[PDB]
Every structure is written in C-alpha cells, then in structure tokens.
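Input: a single structure, listed below in structure tokens.
Just so it is clear, none of the values below were taken in a lab; they were calculated from the coordinates.
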C-alpha cells in the first residue's frame, strides 16, 4: 500500500532555510500526485505544494510561492520541500501527501506521520 515518511523538521531561525524529505514505499511516483500539506494546532490544514504527473505542474499556496520549492528524485522515489525565508507563521507539522493520479483528488488520500517545523 502507499506509505510515506517525512523527515528533516526541527527548530530554525527566523528567515532561515530547511529541506524536508519524503521517502515513499509501495508505488512509482509518476502514478500519483504528491506534495506537502501543513497543519498548525488551532488552524485547519493548508496545502503547500502539489505536483501532477499529467503535465508536470507544481501548484503552490500563495503564502509560500517564491520561498518554498518542491522537487522529486524519481529514481529514489523521494520528494523534497526546500523551504527558504522561513517565517514564524510557517511553524506547523508538515506532511507529505499523495493521491492516485486519476483526476478525482490531489495530494489528499495518503499522508505520512508528519515532521514538525518550528521557526523562532
């Protein structure tokens, strides 16, 4: 079955950088939309990025455009979130999330355990 595991969270300075990794098991990346969703206690979850293999587009939340960048290592089946210019409001648990690429949902059906990012 689809399984995801995030890593790389921690405490980072204001305006700093951090690179999260999501390792996968059970599928090839090109069959799925994949990306990142975050949730801070007290707020509903917020999509951060989502990648579609139908045309290779990555969608980003307006709040992170230009600061956060998604990438994949297709051979290693691992995806990444490169965060730059971190702000205190970026503090949240970050999940990598995926859906089978059939047009009905996107970065929704499966998620990992999450990794905490805390910005001072």
*Could you give me the percent of Cα pairs per 5 Å distance bin for the stretch 3-113, shortest bin first, beginning at zero and ending with the bin that holds the maximum distance?*
2, 12, 25, 26, 19, 10, 4, 1
*In whole Å, what is the distance between the alpha-carbon centres of the stretch 52-120 and the stretch 12-30?*
7 Å
_Cα convex hull of the stretch 4-44 - mean projected area over all directions, nm²_ = 4.4 nm²
